[PDB]
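Just so you know, ligand 1 is whichever comes first in the structure, and atom 1 is the first atom listed for that ligand. Just so you know, these numbers use all the heavy atoms, side chains as well, and skip hydrogens, waters and symmetry mates. Naming: A, B, ... by sequence-line order, numbering from 1 per chain.
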Amino acid sequence: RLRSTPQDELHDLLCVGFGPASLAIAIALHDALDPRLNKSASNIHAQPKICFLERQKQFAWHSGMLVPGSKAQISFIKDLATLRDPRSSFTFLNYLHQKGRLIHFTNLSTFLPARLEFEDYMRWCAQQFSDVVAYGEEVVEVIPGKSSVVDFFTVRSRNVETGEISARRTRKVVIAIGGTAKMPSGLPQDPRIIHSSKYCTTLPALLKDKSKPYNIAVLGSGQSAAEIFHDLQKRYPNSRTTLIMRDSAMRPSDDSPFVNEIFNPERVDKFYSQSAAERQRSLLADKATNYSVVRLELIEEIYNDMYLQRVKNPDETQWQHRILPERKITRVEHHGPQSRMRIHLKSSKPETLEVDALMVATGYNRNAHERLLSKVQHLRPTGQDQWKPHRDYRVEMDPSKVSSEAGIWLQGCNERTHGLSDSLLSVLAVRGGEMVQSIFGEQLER
Amino acid sequence: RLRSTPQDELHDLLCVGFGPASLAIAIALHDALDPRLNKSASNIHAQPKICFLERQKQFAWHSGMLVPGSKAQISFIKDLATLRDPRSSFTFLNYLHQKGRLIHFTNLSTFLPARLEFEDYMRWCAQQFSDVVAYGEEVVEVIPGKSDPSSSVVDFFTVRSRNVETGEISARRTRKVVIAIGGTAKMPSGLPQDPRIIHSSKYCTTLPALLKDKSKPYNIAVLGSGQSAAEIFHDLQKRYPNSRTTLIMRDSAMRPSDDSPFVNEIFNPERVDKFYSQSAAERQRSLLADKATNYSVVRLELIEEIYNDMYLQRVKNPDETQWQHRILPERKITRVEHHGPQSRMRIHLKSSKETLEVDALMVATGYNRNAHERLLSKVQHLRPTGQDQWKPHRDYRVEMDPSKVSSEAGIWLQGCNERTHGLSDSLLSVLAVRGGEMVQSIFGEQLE
Amino acid sequence: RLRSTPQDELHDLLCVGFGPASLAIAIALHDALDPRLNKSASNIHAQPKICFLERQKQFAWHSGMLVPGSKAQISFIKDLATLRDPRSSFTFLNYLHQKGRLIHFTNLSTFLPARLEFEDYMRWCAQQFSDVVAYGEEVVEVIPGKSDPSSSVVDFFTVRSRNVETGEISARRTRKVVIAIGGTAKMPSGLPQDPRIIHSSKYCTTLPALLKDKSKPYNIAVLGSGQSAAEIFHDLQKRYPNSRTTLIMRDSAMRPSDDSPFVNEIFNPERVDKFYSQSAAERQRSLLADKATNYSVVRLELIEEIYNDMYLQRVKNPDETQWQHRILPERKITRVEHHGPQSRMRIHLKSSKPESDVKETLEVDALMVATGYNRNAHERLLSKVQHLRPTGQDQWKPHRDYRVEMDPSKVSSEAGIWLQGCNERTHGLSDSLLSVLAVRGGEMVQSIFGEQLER
Amino acid sequence: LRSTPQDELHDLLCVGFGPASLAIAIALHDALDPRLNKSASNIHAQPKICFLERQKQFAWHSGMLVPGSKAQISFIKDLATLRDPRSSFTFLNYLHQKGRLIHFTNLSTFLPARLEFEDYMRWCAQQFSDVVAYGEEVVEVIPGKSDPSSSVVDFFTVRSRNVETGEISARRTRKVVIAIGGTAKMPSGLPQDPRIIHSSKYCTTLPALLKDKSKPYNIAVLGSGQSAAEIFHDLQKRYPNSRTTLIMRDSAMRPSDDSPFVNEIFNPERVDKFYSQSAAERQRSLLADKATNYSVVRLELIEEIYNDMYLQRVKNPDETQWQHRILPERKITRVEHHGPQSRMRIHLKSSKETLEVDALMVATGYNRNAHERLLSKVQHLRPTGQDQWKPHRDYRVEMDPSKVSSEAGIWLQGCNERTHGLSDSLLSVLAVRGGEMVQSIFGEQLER
Ligand SMILES: Cc1cc2nc3c(=O)[nH]c(=O)nc-3n(C[C@H](O)[C@H](O)[C@H](O)COP(=O)(O)OP(=O)(O)OC[C@H]3O[C@@H](n4cnc5c(N)ncnc54)[C@H](O)[C@@H]3O)c2cc1C
Ligand SMILES: Cc1cc2nc3c(=O)[nH]c(=O)nc-3n(C[C@H](O)[C@H](O)[C@H](O)COP(=O)(O)OP(=O)(O)OC[C@H]3O[C@@H](n4cnc5c(N)ncnc54)[C@H](O)[C@@H]3O)c2cc1C
Ligand SMILES: Cc1cc2nc3c(=O)[nH]c(=O)nc-3n(C[C@H](O)[C@H](O)[C@H](O)COP(=O)(O)OP(=O)(O)OC[C@H]3O[C@@H](n4cnc5c(N)ncnc54)[C@H](O)[C@@H]3O)c2cc1C
Ligand SMILES: Cc1cc2nc3c(=O)[nH]c(=O)nc-3n(C[C@H](O)[C@H](O)[C@H](O)COP(=O)(O)OP(=O)(O)OC[C@H]3O[C@@H](n4cnc5c(N)ncnc54)[C@H](O)[C@@H]3O)c2cc1C
Ligand SMILES: [Ca+2]
Ligand SMILES: [Ca+2]
């Protein structure tokens, strides 16, 4: 129901990216304007000028990792609205109800929906914001705007179909662009070296004959590495897969209830108020719940598959599918007509593979906003070489350089100040409401 | 925000009972009148005259069986609203949200709330209808009423109820009636009446009064093999830790409740259409097959706990006959001596293909769901010629002779129609969706 | 350790079949003769003359159903020896220890080993009896033996077997026979002979060669609703990722196996005594009240995986009739049409509800038939000795110790025939399973060799 | 195994008769059984062995035999199976001897009740009753020379205190095993008080101090490991009216890692790999491989505790009103314990408030250095310049070969985590290590 703002109008808010983090904001604004949900909203006859710029052509959630049978790693109660307001029309249960699937999901007796299903849930939510989302727009920079002090920002984006740069002016910016693929710096660029974010979308084109005895290595030891390692053995049944990890063993995600309260929405306050030293220590003492570990059930499945090989062949080094713990890649030969690369391995404490492909499941960097924001970084307080978000995700600005009606918010990249949940689905519903209060609260009071 | 209607005024609808079945109807009416949930409802400036009569003094859900650690046997998604409209303020999740408990319930990673919690959820729902519920009113009869006594057309009903505190009988006039009164204690015909013979529905409320010393070495028997039998047997061992408890069952073993997904689709709301349209022979056969009767089996997790406790007794003493707590399978009670001053009764046992002396016998043999026949006996002459049973249509309205009953009047049955509507009829399973159907059936024309 | 007996010598015992039931007997005889396990056995310097005839070319356990990821449906404690004597060298745990895998199995935290592994365990057991098992020998008949031509009494039996590779008939003489031949494929009547109609017992061995290209969009139907049917249905969807598979079941839904502890006491070894002592009517009734515990039901975890897979199809397409993989409940096959191998078979479906009407037709490249087994092939094998039964018996009647009743005026008591695995009606649901083999094997040795082992 | 006269020179004396020593007794018994290895048939002389135990009978952490407590390790890791499944001393054969084997199988669990696994080891121990001296607390080990003028020690004299009379006894042996588990580790800041009880004394000491199950005791529990959790949960049932508070340094109770790759560090055959690593790698491995033994809580028990806390939330949203509470991220800084008052005041600071309590249970684990005290009078026989006992791979400690006969020696069991792995103090490798110990100690003897 959100009406569009003209491209050349001065916006109230422009959000960079339309993944789950921005979608939660759009939904929370929708709910804030809904007189059923907020009685206070009946006397609001003016909608904020809001716009979302998304690089993809339509809504999509980690399509490279939509592997068969993968689940969203979160209870469905942590969807994009329920923890803020279970009456919202954007709840997962109401989505299922609109699809005619609610009773069918109930009979699953599961809290974790299939990843494919959760993407569709979010695609369904997003379709209600089609008038304020510009798809196919890759944001390239944010530049200051003065109309003495800076009181707006110009967001420049490149149209993915034509290459043209267009500019939009806004008082407030949100950067919610997720992460960029983290590749170990020793690895060369090669079409046979594919990051996990491109697994489902790039690997099938490279290794086309599912029946061939490909040799395929997987680098990493977290959730995505194990899903890829496990999926490969089913997708290419005659393949020889090898998991290369620095750690000594795949480690389980801690699913226990007291520990997992770190993901509670009201815990963001607790984490934020801790000292930097304490936040750093707290992140380490809960490493057992980040993406570097693996769902216990998947570890068990992988271990069981490995055991079956042991039944047939007691010599682990001869197994079709192997795990190589405490190893590091030291060299990659990838030149010449030969279609296999040779990977050189050494112990990672203080051996060569010939593979048709190397999947690299080493996680993400979440500092791409620094590039986008480089032309506004002189507005930070004296001596700051990093963006510092307040509790409400607004970055600190020098008050003599920036008007109080203007600002920039960061979403998804604030683990260091806001906790492990910051990059996850965990607190998006509640945070979406907080963001709407922080950015539009005063404006809506009318 | 449903306003009360005067007791001696002619009501549009009166529901007998305020358990989950009536509460779901109340919630669905509230939701139909909510212009936020139903857009067409903004132009509805008239609330129906509605009243609920509940014999208990406050809202309560099987409080005789609120055993510590007892869980609801249904996924919480099957609450009183969600399967009809997940946006409703009467969902379990919104209830938790209002209590500040939503995230905390999430970290439980469970679909089955404690019975104590699901009761509180429905208690919290019920409070939004306090103006239209008369508690402590035990309905005793429904009387046909003719605005024109000189005609044969019955066009309203008078519902008379006995106040449980005063004994005084009061009457209310209504054009439409709902009977949603659950079940009455089904007792084996051979058991005599004795205050030491207590049905499972009175366990938590009556047994402590009879057996006051939590420490005394009571001998307590439990008759049955279903969910309630297992809960009492298990609870007794903690509540009276020095007691000697005996589970007596005709069957050879406690059997697990089927949690598998294909089988449990019989409980889906949309199966009511399919089941209802089946022939009497096919519904009868389907009820025998499809699944074991509701509550005649035991949650697997509870069987395993009880078996583990039994095994621990085996570690301590290999002789089963000397165990504190015992299960006696394939048994039936043939005689109960209960006369004379000795506080214990003597239970005589025979194979179902030996005597026990007990201070109490808990009877967990389920419920009858035909009490509406007694309540409706003075209106049964209004059924079509020759009907000796109440026949509900798909929408739960009972068949009436159209020349004897105004079409603006009728009677609906809730919770007792398993034979025509399926095993889900007496459960929480389809209450949310059924509540909406009921609001359409009774008020559909009136609202449009 | 068991030494062979020369083929043409008079045997003490000959077992027909060398599956788990006979293997349990071999293991229990070995253990009875082991002075470590039985003190009384050190003073036994004579081994019974024993022989086993197995039609397969080597030991194999339901190899047609060794489907990827399949589990044995039993706790490993119910292996071929432990419940009789955990100290036995033939326990599953000792097998694991000998293979150097015991700690690795422990880290599985499972009581159910893979079928492939449980087969290997029993293969490992069987190899220790290689001197007394004649493989590739299909027993064809059992005929009476009269050692005295001046006497009418039968005091031995001749067992004739047809070598499966040469066709040559061999005869072996024995005083006592055990028939432990498992079951034969129960096929719906009326089916045409076509190599694409494959019983579940031939699944892994026949279907892959028949449908060689794992990528082709085959149509494959599966008949049944029990464990094997569900495994085949699920396996097909993974083995042939582009296939359209259809599960046809007479029941309304796949039903779960009862894993609850009180019910599963029907499988306890000591329950055989209670079941056997019941009346015929009561045994028949008891078999009814425990139907949800055999191979006619499905492990819950597998039901859930199949249900989850179907749900994923629902996510992609709300129209069930357009799904790649489908379940057609409450249907029966009325006809299976074929037009030669160059063409597809047509399966015609009708409701299985009592005749009182929404039917279907399927065109399939193969039909898997997961309908269980018949367990009466001993009647054909024993047909030439059946006149030795007591007057008026038209069925073989096993006593508690599995020895069948004989007319004592026709048959010496030093001779006899025992049946294994086909005695559910008298001995309970566990009779055809691994459940009581360890203990039953010990009973069989006492019944067959007890007196002989005292002297 | 037949008894050696107290006064004779023994081949082996083991200090302690817990699981570690018992596995050695079992492995010697099996090594002597000609049926379990053919070699032993021509072995006509039994080693002279005895065991000293301070408890009056075999008991496994009886102070922590909490109702419903479980073994924390699969029963396959009993005292014999991983070395020889044929041994008569396996857990499954125990069950068979007891007529319980099929009954345990129907439990479908790998974790026996602690009560049952204790009884299994008690059943094993009774087969060695002739060679175990109970009631004897070893207090010192002193050098012994067959010729007092020899420069070489060829035996050890082991002195023990009769726990009933305090009499000191002496026995002579070529070879000594110290297998004495751990002693209570108490945070240095706590004073001595009868109301401050270590978890090892929970079941045997706390009920003596707090006898009134009705009185609402304020009971504090210090710790976050398996024992703190079992005690916290058990207190809430044992004293139903009590207020229990769990004090822990960590932010949360953390779960045991049950995942299979991680747990290969406990496999028997890892000892070889771990031992041969450098001191620097072993030290790093011990922090990194797994959170220390018993410092975490079995997942099932955390969920039970969590569910109990949630039920309190249902009854009352104000956590500070809860009868049973958890105070994470806390340290105790002062304990006031003098004066007439029966309660002590516990002072709390952040570990980066006050409680008045009737008792303080301290579940802070154990030290495993008591062998240093017991061996101080033989530590001059170590190689020059050593200040610690240094076990070889086969657990025999280094000795100066000019000072100690090669037919004499001392082994350590259960205190060698730093050289042999986390599994050293656990049940994990006892069966295999018992076999190794027998070959190390009696190998030559059992060839001759
Ligand atoms: C398979 C999988 C793996 C995961 N791995 C991790 C992990 O390793 N670590 C972790 O902390 N979380 C991980 N997560 C959790 C994940 O981050 C959340 O599930 C969720 O995706 C976060 O939403 P977000 O909107 O902040 O980021 P996203 O889901 O990434 O959304 C970001 C959006 O911004 C768009 N965008 C990016 N740059 C531009 C641009 N310049 N201009 C315009 N649009 C742009 C993208 O197209 C995208 O739609 C993973 C989740 C899954 C499903
Ligand atoms: C412990 C327990 C045991 C169960 N056992 C069974 C079982 O054996 N079989 C089965 O099919 N289902 C059983 N159920 C499921 C149960 O029926 C549903 O959970 C649910 O209670 C049905 O709602 P209902 O409103 O139709 O009946 P109820 O929950 O029974 O509500 C009926 C209401 O009517 C009131 N009432 C009764 N008579 C009168 C009267 N004359 N006048 C006025 N008010 C009256 C009662 O006070 C009550 O509030 C059980 C549930 C629980 C929790
Ligand atoms: C996949 C699978 C499916 C199962 N399905 C069922 C089922 O539907 N119903 C049920 O009650 N149990 C079933 N079981 C359990 C099964 O019967 C037991 O696991 C076990 O195989 C029984 O051992 P048995 O030795 O009595 O029979 P089998 O294991 O079948 O062994 C019989 C042996 O005799 C041999 N043999 C047969 N005829 C001759 C002959 N004329 N001459 C020489 N040798 C011969 C066979 O080759 C075979 O090796 C199934 C098990 C599995 C693994
Ligand atoms: C409740 C519980 C808590 C546990 N906590 C831990 C833990 O915090 N950390 C860890 O690594 N493992 C822990 N364990 C594992 C435990 O160590 C093993 O289960 C097992 O008990 C180890 O056997 P052990 O024989 O080496 O020691 P123990 O079981 O301790 O046995 C040692 C024996 O020696 C006796 N003894 C001691 N001193 C003398 C003496 N001077 N003279 C004579 N006898 C003596 C003792 O009485 C005792 O019987 C715990 C186990 C349980 C059940
Ligand atoms: Ca389920
Ligand atoms: Ca495990």
Parallel, tilted or perpendicular: which fits the ring planes of D:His420 and D:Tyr395, with parallel below 30° and perpendicular above 60°?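 Geometry flag for D:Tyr395 against D:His420: parallel rings.
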Ion pair check, B:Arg434 and B:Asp425, cut-off under 4.0 Å: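 B:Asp425 and B:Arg434: salt-bridged.
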Does the pair D:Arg114/D:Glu230 count as a salt bridge with the N-to-O cut at 4.0 Å?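 Looking at D:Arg114 and D:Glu230, the cut-off is met.
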Using a 4.0 Å cutoff against the non-hydrogen atoms of [X], which atoms of ligand 3 qualify?
{"X": "C:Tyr373", "value": "5 (N), 7 (C), 8 (O)"}
{"X": "C:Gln56", "value": "47 (O), 48 (C), 49 (O)"}
{"X": "C:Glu137", "value": "42 (N), 43 (C)"}

Nitrogen or oxygen of B:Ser228 less than 3.5 angstrom from that of ligand 2: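 No, since none of the N or O atoms of B:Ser228 sits under 3.5 Å from an N or O of ligand 2.
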Indicate yes or no: does an N/O atom of D:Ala59 lie under 3.5 Å from an N/O atom of ligand 4? no
Quick check on the 6.0 Å ring-centre criterion: do C:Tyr203 and C:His62 meet it?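 Not close enough - the centres of the two rings lie 6.0 Å or further apart.
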With a 4.0 Å cut-off on heavy atoms, does B:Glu231 reach ligand 2? no
Within less than 4.0 angstrom of ligand 2, does B:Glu138 place any heavy atom? yes
If we only consider heavy atoms of C:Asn294, is any one of them less than 4.0 Å away from an atom in ligand 3? no
Is the backbone of [Y] close enough, under 3.5 Å, to the side chain of [X] for a donor and an acceptor to pair up by distance?
{"X": "D:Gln226", "Y": "D:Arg298", "answer": "yes"}
{"X": "C:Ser435", "Y": "C:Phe267", "answer": "no"}
{"X": "D:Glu417", "Y": "D:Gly421", "answer": "no"}
{"X": "C:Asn294", "Y": "C:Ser296", "answer": "yes"}

Which of the atoms in ligand 2, numbered in the order shown and given with their element, are less than 4.0 Å from a heavy-atom of B:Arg115?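 Here the atoms of ligand 2 in question are 1 (C), 53 (C).
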Would you mind listing which atoms of ligand 2 come within a distance below 4.0 Å of any non-hydrogen atom of B:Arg369? 9 (N), 10 (C), 11 (O), 12 (N), 17 (O)
For [atom], which candidate among [options] provides the closest heavy atom?
{"atom": "atom 12 (N) of ligand 2", "options": "B:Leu427, B:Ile25, B:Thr184", "value": "B:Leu427"}
{"atom": "atom 30 (O) of ligand 4", "options": "D:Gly225, D:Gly181, D:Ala71, D:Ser21", "value": "D:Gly181"}
{"atom": "atom 22 (C) of ligand 2", "options": "B:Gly415, B:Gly366, B:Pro20, B:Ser426", "value": "B:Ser426"}
{"atom": "atom 41 (N) of ligand 4", "options": "D:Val163, D:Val138, D:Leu430", "value": "D:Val138"}

Pair D:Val132, D:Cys50 - check side-chain contact (heavy atoms from CB on, under 4.5 Å), show working. CA-CA 6 Å; D:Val132 179; D:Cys50 68; over 6 Å; no
So among D:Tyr134, D:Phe17, D:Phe58, which one has a ring pair (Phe, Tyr, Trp, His ring centres under 6.0 Å) with D:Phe51?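 Among the candidates, only D:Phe17 passes.
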Considering only heavy atoms, does [X] approach ligand 4 within less than 4.0 Å through its side chain, its backbone, both, or neither?
{"X": "D:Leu52", "answer": "backbone"}
{"X": "D:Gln226", "answer": "neither"}
{"X": "D:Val15", "answer": "side chain"}

Does C:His62 approach ligand 3 within less than 4.0 angstrom via side chain, backbone, both or neither, non-hydrogen atoms only?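 Side chain only.
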Tell me which part of C:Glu424 gets within contact of ligand 3: side chain, backbone, both or neither, using heavy atoms under 4.0 Å.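 For C:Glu424, no heavy atom sits under 4.0 Å from ligand 3.
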Taking non-hydrogen atoms only, is B:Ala180 closer than 4.0 angstrom to ligand 2 via side chain, backbone, both or neither? backbone
Would C:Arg55 count as being in polar contact with ligand 3, using the rule that some N or O on each side must be under 3.5 angstrom apart? yes
Please determine whether any non-hydrogen atom of D:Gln413 lies less than 4.0 Å from an atom of ligand 4. no
Intermediate values then yes/no, side-chain contact (heavy atoms from CB on, under 4.5 Å), B:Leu413 and B:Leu376: CA-CA 11 Å; B:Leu413 302 176; B:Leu376 297 178; 4.1 Å; yes
Show me which atoms of ligand 4 lie under 4.0 Å from any heavy atom of D:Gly18. 25 (O), 31 (O), 33 (C)
Pairing residues for C:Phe118 by the ring pair (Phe, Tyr, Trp, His ring centres under 6.0 Å) criterion, not counting sequence neighbours: C:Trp61, C:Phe92, C:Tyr121
Please name all residues satisfying side chain to side chain donor-acceptor pair (under 3.5 Å) with B:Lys202, sequence neighbours left out, ordered by chain then number.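 By the side chain to side chain donor-acceptor pair (under 3.5 Å) rule, B:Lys202 matches no residue at all.
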Using 0.5 Å steps for rounding, measure from the CG atom of C:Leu112 to the NZ atom of C:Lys78.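 C:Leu112 CG to C:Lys78 NZ: 11.5 Å, rounded to 0.5 Å.
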